[PDB]
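What follows is one structure encoded as structure tokens, with my remarks underneath.
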Amino acid sequence: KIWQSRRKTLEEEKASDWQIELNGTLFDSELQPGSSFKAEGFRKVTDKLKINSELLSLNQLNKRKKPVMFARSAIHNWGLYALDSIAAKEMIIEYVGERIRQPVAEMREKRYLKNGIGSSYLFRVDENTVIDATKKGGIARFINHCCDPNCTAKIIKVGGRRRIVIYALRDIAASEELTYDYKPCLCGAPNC
Amino acid sequence: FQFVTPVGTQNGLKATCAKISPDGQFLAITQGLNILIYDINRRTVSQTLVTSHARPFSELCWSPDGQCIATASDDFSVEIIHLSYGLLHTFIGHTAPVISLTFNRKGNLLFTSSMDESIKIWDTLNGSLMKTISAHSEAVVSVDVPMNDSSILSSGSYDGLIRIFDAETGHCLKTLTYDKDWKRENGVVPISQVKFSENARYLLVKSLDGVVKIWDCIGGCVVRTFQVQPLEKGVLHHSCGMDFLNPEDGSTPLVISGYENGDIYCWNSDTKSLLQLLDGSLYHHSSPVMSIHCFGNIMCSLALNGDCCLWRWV
Amino acid sequence: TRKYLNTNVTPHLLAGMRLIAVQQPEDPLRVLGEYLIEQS
Amino acid sequence: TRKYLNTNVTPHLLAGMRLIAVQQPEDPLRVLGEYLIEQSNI
Amino acid sequence: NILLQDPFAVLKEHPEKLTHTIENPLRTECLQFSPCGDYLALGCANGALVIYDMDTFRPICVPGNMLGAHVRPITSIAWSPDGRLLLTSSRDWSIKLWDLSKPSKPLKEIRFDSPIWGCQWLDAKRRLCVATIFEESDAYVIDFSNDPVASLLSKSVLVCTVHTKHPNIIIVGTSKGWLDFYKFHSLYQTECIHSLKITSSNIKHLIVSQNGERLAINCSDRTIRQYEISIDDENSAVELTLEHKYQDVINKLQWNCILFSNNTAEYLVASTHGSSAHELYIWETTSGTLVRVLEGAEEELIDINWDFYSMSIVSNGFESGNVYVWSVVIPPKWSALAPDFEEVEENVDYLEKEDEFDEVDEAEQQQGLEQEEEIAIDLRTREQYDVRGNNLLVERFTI
Amino acid sequence: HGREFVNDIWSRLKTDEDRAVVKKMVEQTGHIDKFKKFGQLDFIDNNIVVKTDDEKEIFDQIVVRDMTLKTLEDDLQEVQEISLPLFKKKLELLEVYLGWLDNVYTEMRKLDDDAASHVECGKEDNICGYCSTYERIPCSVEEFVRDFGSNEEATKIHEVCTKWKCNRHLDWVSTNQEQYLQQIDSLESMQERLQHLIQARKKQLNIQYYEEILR
Amino acid sequence: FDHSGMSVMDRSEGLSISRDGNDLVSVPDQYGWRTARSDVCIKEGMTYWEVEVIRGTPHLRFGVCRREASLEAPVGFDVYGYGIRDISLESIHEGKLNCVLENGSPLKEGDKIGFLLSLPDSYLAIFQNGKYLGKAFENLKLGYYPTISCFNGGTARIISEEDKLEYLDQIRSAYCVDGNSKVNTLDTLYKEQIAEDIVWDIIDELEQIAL
């Protein structure tokens, strides 16, 4: 059957030839072994071959408005990349949540661990008035949990006596993201 | 809502897409490196096959114009072929395998999907990229665009949370998560394909478990969930498909089921009733379904293990 | 010592005092100790 | 109240305190409460 | 109406804004949007009206298909409100009515004696197009759907014609009288009405509000005078009254182009150069207050336009040739990495309701669906409200 | 001999595979003698089966074009997918735009030469020679050198718009040709582009009946 | 340290100054709060510990609480607490939300309950306006402390004087064996427990010389 051959000898010289050359030579990354992606090969794997005072508080409400600029990173998921308006031992941004108490918000934390949503993403005074993150959070969830000693989220506050700022800092540079320890992590950052 | 039609797509490799292909006519189905065998929906006859490149084309998007067809391979590209012309414009992609496509109402610029969870946007007619909305970490498995809008951008992903995006380059418009991460493994991935309501004010998440909790981006609250009478029978998360079916806007809202490993259900708008499905697992079917699209009373279907099911109904 | 023997002397005293705590008389325990005799 | 001014109820309580602090608590109340009676008969 | 920016935030319409996105090289004279605000037209000194688009600021080419476009700059390209037709004008003696959905060969080229200053629709049909003449002192009304021919006004030097919201009343400049309004048609011959010689010399533009209220002017000796609009059988009585006249004359020099914003003239930008200010005033409609200015660039811009469904501003820099585009929103990134982080700025102790933490959930997840709301398909709100501004189709660059 | 061995290894490398690359090797090495390959073809119908038939054809195989097949298995090989009802219909209008309308526009460009020449000699005999009078090219005149003569100044015959050197019509007559010139430039540009589009259609239309032969 | 009053000594913030009248120690301050520490420790007796609704969202849940176990929260959170509800009277034991009550109780002062214990069948009651009288236990200083709850301005009232103005038939007529009724109820239990505190203080005074 010569008549179907002439397409097919072209097809063997076009389809298998010119595609995988244009595929493989213009593979900038290193030759990802992938399945046929409507056959449910998940391959959700860790190795990735893909590219990687009062008015002072009111001032911190407005001055360091966006000292970070949210972005994905190799560090945990969202390295917010702290850009500008940072210095050592200064209040970066008022941690703001929305929950009033330690006992029944511990009941709420028990309800969190049932769904496994947040073991972290609270901040506790533990006298009372543990402060939430996952209902009206400001920059609460975003601050990370690396083993980098960048930040201290502490309870220095005036007047209202419920303000939580990130007070004591060692000075960081642009795009290196704020890490407070919660009070050998799950970072995998190059200090672990 | 009851009929069947003649079927056929050479029954070769896996039936990855059966896009209903809105111009009324011109049904198309993959056969692997052979691509998009044309079937006029009235003539019901095999026609032009466009045959772009090597890897199995995952999904097909029907152009508003109907002149140009874009498929999504596994290797390096998302490939546009002009149905009458000679594939005069394919372009580089992200370095990951592409999975899904859909074009906007104007047909102006296109959306690619991503395995590296970083979807890109592409001006069609000039043929380049504008900026890239990388608001995920694990693969954005499905992306659709509603009919009467080019601003809502769907992110059906394997990060367990929908990320609605702006029109072109507005990063991260809103978000939406499903529930219940720890249950299957390491954070659940129910998200399979999110195809909009026609009026661009609702959205349908099909759980990979198989219960369609259909949402509202307006209130952020879910609307009623269509559930089969049997409990946990339809858990069909893995078996070689991510099955999905679109609404049918015949005269009422009509949700067809993307029901994997079983004959697909049909569901009312408001009541949670079963409709007009057969036990026809022998012909076309054996276990799964793969891709279902609907342009009217005509609604197509293709199954995976019964390769090239090639439907149209009523 | 007397600690244990007073916990061994206490219960009948608590019974009398729980009886007397009701109306709280001005002749309190002169009622009580005779009843504390009348056990054995 | 019965703390600061129930001293109609507690004059002989502090006395039987002294009584069992003096007498062995044997012959438990057949004499012990009776001494509080004899102190309370007045 | 505002149909989709509802899952953005609360309403952040915010009409005038201050940022640039810069477009492509060919310089033009005037610009215009689709009536659905979808994609943007402009016609260069080459005369090829390179039709662009709002989203993805890149040319889409429909011009010069089989019969070529005209070789001088256009003047007054104007969309049909249908969005299916197209009108051009020219320094090329001609109007070439186009239709994009068509064969792309001019539909009905007409020619004329002197260069046409400007042309617009009367917007009822294809059969209604009214234009201008450098020479004449008469209003040419040009039909297209019936015949490729033109008529007179049958009056007794004509610049700057326009319609109103009510399309059967036409506004006309600098006859014997320096301004007059000409009624219904001259095909179906209808009379003239009240004239008023407002200023000494010729005027530039006669923008009318989309709602049919405001009637601006660009006077020669620098007055911007707005007027309430007059109606059918309410002919003479309205627009005789000077409403709030602009231009605290001292700082600003001569005004180049004027047009109303979205509706009800609620902002009114206009262009002044010669003073080399390059900053444009978003004047208030009624009180006429100073509102903010735009930065622009230090190249002069010649003509401007707003749009209606995306609320941006574009103008062509007369020197640079690029088009300067305004109005970009900022993205609430607080809600970005979290699905439910409705972000509150200050600590509000939430009430923790009577059944909150009262007992564990006890498998109440999915016990009742209890639905009362629908998804149901669109049934044409505001009954008609729109003919959708559909795309040009074009297959090219196969090469 | 050694040629026989070359044929032998070039043959045995296939074993019923897509040996079109090896078919390219066939012509490339030892090109002068091809006699042995047919002598081995006398029995090597097993391993080569596609290229067994393809040994008879020409050495070029890789190109994507041709005339329609001379196989003649039936009437017109099913009439070449119905004789391109789509493409001949879409671009015989190209042949219209090629010959007829293009020749029309060149003739309309040619009319302005005489329309310029009458005005030229009239100007030499100043006044603005207007437009809009080359339409049927009347140039309505008897003896233009004297018909424009001093008696009537405002062109009563061969009437151009102008009174004098008048800028009312800012006459397009001078350099109007540019209109016609960029018009015929768009003609020739769409000519070349659309011929490239024809060749792209042929590049697609070979593949149609080449796939339909394989059904 | 404080002695006179009514169920005062250990409570939380919301039972503040507008409780001074009789019994209204409910909470308008913030909403989720603590049942006020009750007046007495029911060690082994039987009680007509009975409750009232004063002026009325006043849910104002009942409760039986214990020390060395949670008291900042309402009663259902507790280790082994027991309580009731206004909302259709949903019966709440510890760690569960079990069977609702048949009667109607949004009204004022019907749900007036009873108890019984032994020395080393334990019988709770509800007797909600004379009905739903039911018991379930495994026979569970440190007696039963029954205060009432919080949640946005309850109308808190309990009966502490001689009469039971509603459903006094617990005392010598019904709800229990009349000898095992134990009319040593909520207010006289103050007097007897305080006298016991007196005598155990006498014992502690002896322990000053037991050295």
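The table that follows gives values for the structure above.
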{"quantity": "Extreme residue, surrounded by the fewest Cβ atoms within 10 Å (Cβ to Cβ), among residues of segment B:262-293 that are within 12 Å of another protein chain (Cβ to nearest Cβ) and in a loop (DSSP other than H, G, I, E, B)", "calculated": "B:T271"}
{"quantity": "Among residues of segment G:7-46, those that are of a type in the set (S, T, N, Q), under 14 Å from the mean Cα position of the chain (by Cα) and more than 14 Å from chain E (Cβ to nearest Cβ), counted", "calculated": "2"}
{"quantity": "Qualifying position, being surrounded by fewer than 22 Cβ atoms within 10 Å (Cβ to Cβ) and more than 26 Å from A:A74 (Cβ to Cβ), among B:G170, B:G160, B:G107", "calculated": "B:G107"}
{"quantity": "From the options A:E98, A:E106, A:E127, residue that is at the interface with chain E (Cβ under 10 Å from one of its Cβ atoms), assigned to a loop (DSSP other than H, G, I, E, B) and not aliphatic (A, V, I, L, M)", "calculated": "A:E98"}
{"quantity": "Long-range neighbours under 6 Å by Cβ, at least six apart or interchain, first residue aromatic (F, W, Y) within segment F:122-146, second part of a loop (DSSP other than H, G, I, E, B)", "calculated": "F:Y130/F:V160; F:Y130/F:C161; F:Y130/F:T162; F:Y130/F:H169; F:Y130/F:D171; F:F144/F:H158"}
{"quantity": "Qualifying positions in segment E:371-395 - at the interface with chain B (Cβ under 8 Å from one of its Cβ atoms) and over 29 Å from the mean Cα position of the chain (by Cα)", "calculated": "E:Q371, E:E373, E:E374, E:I375, E:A376, E:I377"}
{"quantity": "Filter result for the condition that a residue is in contact with a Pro (Cβ under 7 Å, 6 or more places away or on another chain) and surrounded by 18 or more Cβ atoms within 10 Å (Cβ to Cβ), over A:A82, A:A153", "calculated": "A:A82"}
{"quantity": "Wholly within segment E:40-108, strands (runs of 3 or more DSSP E) carrying at least 1 residues that are polar (S, T, N, Q)", "calculated": "E:94-99"}
{"quantity": "Flag for G:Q170 being in contact with a strand residue (DSSP E or B) (Cβ under 9 Å, 6 or more places away or on another chain) and over 28 Å from G:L15 (Cα atoms)", "calculated": "yes"}
{"quantity": "Restricting segment B:158-177 to residues that are more than 7 Å from chain E (Cβ to nearest Cβ) and outside any loop (DSSP other than H, G, I, E, B), the residue that is farthest from B:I191 (Cα to Cα)", "calculated": "B:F165"}
{"quantity": "Failed item in (1) over 17 Å from G:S181 (Cα atoms); (2) touching a strand residue (DSSP E or B) at 6+ places or on another chain (Cβ under 8 Å), with G:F127 passing the rest", "calculated": "(1)"}
{"quantity": "Entirely in segment F:1-55, the helices (runs of 4 or more DSSP H) that have 2 or more residues that are within 14 Å of another protein chain (Cβ to nearest Cβ) and not basic (K, R)", "calculated": "F:20-28, F:49-54"}
{"quantity": "Output for segment F:160-215, where each listed residue is more than 10 Å from chain E (Cβ to nearest Cβ), assigned to a loop (DSSP other than H, G, I, E, B) and acidic (D, E)", "calculated": "none"}
{"quantity": "Unmet requirement for B:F103, which otherwise passes all of (1) in contact with a helix residue (DSSP H, G or I) (Cβ under 8 Å, 6 or more places away or on another chain); (2) under 30 Å from E:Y309 (Cα atoms); (3) of a type in the set (A, V, I, L, M, F, W, C)", "calculated": "(1)"}
{"quantity": "Counted residues, segment B:129-153 - those being out of contact with any strand residue (DSSP E or B) (no Cβ under 7 Å at 6 or more places or on another chain), more than 8 Å from every other protein chain (Cβ to nearest Cβ) and over 20 Å from B:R201 (Cα atoms)", "calculated": "1"}
{"quantity": "Pair list, Cβ under 7 Å, 6 or more apart: segment A:50-63 residue within 14 Å of chain B (Cβ to nearest Cβ), other residue surrounded by 11 or more Cβ atoms within 10 Å (Cβ to Cβ)", "calculated": "A:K50/A:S29; A:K50/B:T95; A:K50/B:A96; A:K50/B:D116; A:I51/A:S29; A:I51/B:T95; A:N52/A:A74"}
{"quantity": "Residue within segment C:4-24 that is over 18 Å from D:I37 (Cβ atoms), within 9 Å of chain D (Cβ to nearest Cβ) and in a helix (DSSP H, G or I) present", "calculated": "yes"}
{"quantity": "Residue, surrounded by the fewest Cβ atoms within 10 Å (Cβ to Cβ), within segment E:307-346, restricted to residues that are under 27 Å from B:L173 (Cα atoms) and in contact with a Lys or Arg (Cβ under 6 Å, 6 or more places away or on another chain)", "calculated": "E:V344"}
{"quantity": "Subset of segment A:23-41 [part of a loop (DSSP other than H, G, I, E, B) and more than 8 Å from every other protein chain (Cβ to nearest Cβ)]", "calculated": "A:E30, A:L31, A:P33, A:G41"}
{"quantity": "In segment B:178-204, residue nearest to the other protein chains (Cβ to nearest Cβ) [restricted to those that are farther than 23 Å from B:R105 by Cα and under 18 Å from the mean Cα position of the chain (by Cα)]", "calculated": "B:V189"}
{"quantity": "Evaluation of A:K114 against (1) more than 9 Å from chain E (Cβ to nearest Cβ); (2) within 28 Å of B:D159 (Cα to Cα) (one fails), failing number", "calculated": "(1)"}
{"quantity": "Qualifying positions in segment B:119-128 - in a strand (DSSP E or B) and at the interface with another protein chain (Cβ under 10 Å from one of its Cβ atoms)", "calculated": "B:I121, B:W122, B:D123, B:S128"}
{"quantity": "Qualifying residue in segment E:319-330 (condition: over 30 Å from E:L31 (Cα atoms) and within 14 Å of chain A (Cβ to nearest Cβ))", "calculated": "no"}
{"quantity": "Every residue from segment E:347-366 that is exposed (fewer than 15 other Cβ atoms within 10 Å of the Cβ), more than 7 Å from chain A (Cβ to nearest Cβ) and farther than 24 Å from B:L161 by Cβ", "calculated": "E:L351, E:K353, E:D355, E:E362, E:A363"}
{"quantity": "Meets criteria (more than 21 Å from the chain's Cα centre (by Cα) and surrounded by 15 or more Cβ atoms within 10 Å (Cβ to Cβ)) for E:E284", "calculated": "no"}
{"quantity": "Residues within segment B:104-118 that are within 13 Å of chain A (Cβ to nearest Cβ) and not small (G, A, S), tallied", "calculated": "3"}
{"quantity": "Members of segment A:152-180 found to be among the aliphatic types (A, V, I, L, M) and assigned to a loop (DSSP other than H, G, I, E, B), listed by number", "calculated": "A:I155, A:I156, A:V158, A:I172, A:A173, A:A174, A:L178"}
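To keep it simple, each residue is scored yes or no on (1) away from chain E (no Cβ under 14 Å); (2) touching a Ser or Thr at 6+ places or on another chain (Cβ under 7 Å); (3) not aromatic (F, W, Y).
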| site | (1), (2), (3) |
| --- | --- |
| B:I35 | yes, yes, yes |
| B:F57 | yes, yes, no |
| B:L60 | yes, yes, yes |
| B:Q67 | no, yes, yes |
| B:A72 | yes, yes, yes |
| B:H82 | no, no, yes |
| B:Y85 | no, yes, no |
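As a convention, Cβ positions derive from the backbone with ideal geometry for all residues, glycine included, and neighbour counts pool all protein chains shown. Read the figures in this text as sums done on the coordinates, not as results from a lab.
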